[PDB]
Amino acid sequence: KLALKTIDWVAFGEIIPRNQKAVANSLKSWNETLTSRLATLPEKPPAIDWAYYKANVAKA
Amino acid sequence: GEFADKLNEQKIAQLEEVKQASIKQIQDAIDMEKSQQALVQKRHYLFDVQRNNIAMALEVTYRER
């Protein structure tokens, strides 16, 4: 489980100089990207039906 | 007779600039305070976004591995 300092975005909007809005944008999207990502990428992968493979092999 | 009118209109004019200044200055005590309040909380978020980003990126990485 992760800690994730909570964040109000309209404030974040209101603290970036204009000559730095670029950065801030990319920073936002990465976050969103990253977030979407974790929503879909499961903690662990599926297990592996070892019995089954053991059941159908040939090398010992 | 005029003695009064010029002086009076003078005297009003004054307190008219006085009330004016007074509004304008207290509006500025006000702005300053907003400026502050902002720099307070406000600014950390930038770095928080950044730290959060890292945390996630390592998690994704761990998971991907």
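Every residue, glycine as well, gets a Cβ built from its backbone with ideal geometry; the counts of neighbours run over all protein chains shown. Each reported figure results from applying straightforward, stated rules to the coordinates on display, with no laboratory input.
Structure notes:
- Cα-based reach from A:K44 at 19 Å (exclusive), listing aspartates and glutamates while leaving out same-chain residues under 8 positions away: B:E59, B:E64
- Cα long-axis angle, helix B:2-39 against chain B (0 to 90 degrees, to the nearest 10): 10 degrees
- Axis angle, to the nearest 10 degrees, between helix B:44-64 and the longest C-alpha principal axis of chain B: 10 degrees.
- By other beta-carbon atoms within 10 Å, ranking A:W30, A:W50, A:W9 with the fewest at the front produces A:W50, A:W9, A:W30.
- Extension gain, B:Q50 to B:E2, is 10.2 nm, computed as 0.36 nm per intervening residue step minus the present C-alpha separation.
- For chain A and chain B, distance of Cα centres in Å: 37 Å
- With each label modelled as a point 7 angstrom along the Cα→C-beta vector, the B:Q10-A:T33 pair spans 7.2 nm.
- Here is the size of chain A from its Cα atoms: Rg then Dmax, 21.9, 66 Å.
- Nearest-0.05 FRET efficiency for A:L2 and B:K34, computed from C-beta distance (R0 25 Å): 0.15
- Quotient of C-alpha Rg and 2.2 N^0.38 Å, computed over the protein assembly as shown: 2.27
- Label point 7 Å beyond Cα of A:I15 along Cβ direction - residues of region B:36-65 with amide nitrogen under 20 Å: B:36-57
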